[PDB]
Amino acid sequence: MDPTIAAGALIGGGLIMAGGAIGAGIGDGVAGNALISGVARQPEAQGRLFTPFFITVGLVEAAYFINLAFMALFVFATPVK
Amino acid sequence: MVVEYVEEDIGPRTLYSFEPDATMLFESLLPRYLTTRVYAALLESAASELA
Ligand SMILES: COc1nc2ccc(Br)cc2cc1[C@@H](c1ccccc1)[C@@](O)(CCN(C)C)c1cccc2ccccc12
């Protein structure tokens with residue numbers, strides 16, 4: 001009963017965190033690529049390029065955080081017990 | 001023409017975008033510059049002839 005459910009919960013939490021980290025890492029990488037390029041072309045534009053950047057990042061990290069939450073729900077408060 | 005280097009003049013500045021790239025526009029502008037100089041020479045010679 002409990003052992004295989006806990007094993008499935010651990011594997012599911014691992015999948016959730018893996019997907020979240022892949023998505024967050026690559027999304028941050030692409031957005032920061034855009035930011036570094038825009039600052040390398042126009043240094044004085046660093047101040048005005050942080051408002052779209054932090055919008056994008058704000059969405060990206062959101063996904064990460066949500067996945068984090070569910071990871072906890074899978075490993076600390078297993079929804080099927 | 002002779003390539004003459006003046007100086008960096010302004011220090012770090014904004015990067016200029018070129019469509020499609022710098023070499024195409026340069027080779028499109030070179031004969032236009034020749035023609036502009038020929039035209040300026042013609043105008044100067046006309047004013048000189050009148051004087
Ligand atoms: C941009 O936000 C959206 N746009 C949508 C567009 C279309 C549709 Br049909 C659904 C949309 C839903 C949303 C959010 C939302 C807001 C309120 C309630 C439910 C869903 C979201 O799903 C975004 C998740 N992203 C950003 C990873 C979300 C879910 C869960 C927790 C969140 C916590 C914080 C912020 C957003 C949270």
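By convention in this document, chain letters (A, B, ...) are assigned in the order of the sequence lines, proteins followed by strands, and residues within each chain are numbered from 1. All values below were derived from every heavy atom in this structure, side-chain atoms included, with hydrogens, water molecules and symmetry-related copies excluded.
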[atom1]-[atom2] distance between [X] and [Y], expressed to the nearest 0.5 angstrom:
{"X": "A:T4", "Y": "A:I11", "atom1": "OG1", "atom2": "CD1", "result": "8.5 Å"}
{"X": "A:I5", "Y": "A:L10", "atom1": "CD1", "atom2": "CG", "result": "12.5 Å"}
{"X": "B:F26", "Y": "B:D21", "atom1": "CZ", "atom2": "CG", "result": "13.0 Å"}
{"X": "B:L30", "Y": "B:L25", "atom1": "CG", "atom2": "CG", "result": "11.0 Å"}

Original post:
Remaining members of A:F50's ILVMFWY cluster at a side-chain heavy-atom cut-off under 4.5 Å?
Top reply: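 Hydrophobic cluster check, A:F50: joined to A:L35, A:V39, A:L49, A:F53, A:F54, A:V57.
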
Subject >> Co-members of the apolar cluster containing A:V60 [side chain, <4.5 Å] >> reply: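 None; A:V60 is a cluster of one.
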
Only pairs under 3.5 Å count here: list side-chain donor-acceptor contacts from residues 68-80 of chain A, not counting sequence neighbours, and write none if there are none.
residue : atom : partner : partner atom : Å
A:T78   : OG1  : A:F74   : O            : 3.1

List, one per line, each side-chain donor-acceptor pair under 3.5 Å for residues 33-51 of chain B, sequence neighbours excluded.
residue : atom : partner : partner atom : Å
B:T35   : OG1  : B:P31   : O            : 3.0
B:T36   : OG1  : B:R32   : O            : 2.9
B:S45   : OG   : B:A41   : O            : 3.3
B:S45   : OG   : B:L42   : O            : 2.7
B:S48   : OG   : B:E44   : O            : 2.8

Subject >> ILVMFWY network linking A:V30 to A:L59, side-chain heavy atoms under 4.5 angstrom >> reply: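 No, because A:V30 and A:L59 fall into different hydrophobic clusters, even though each may have its own neighbours under 4.5 Å.
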
Original post:
Residues two or more places apart in sequence or in another chain: which of them pass side-chain hydrogen bond (donor to acceptor under 3.5 Å, both in side chains) with A:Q46?
Top reply: none

Could you pull out every donor-acceptor pair under 3.5 Å between side chains of residues 3-20 of chain B and any protein atom, sequence neighbours left out?
residue : atom : partner : partner atom : Å
B:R13   : NH1  : B:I10   : O            : 2.5
B:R13   : NH1  : B:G11   : O            : 2.7
B:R13   : NH2  : B:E8    : O            : 3.3

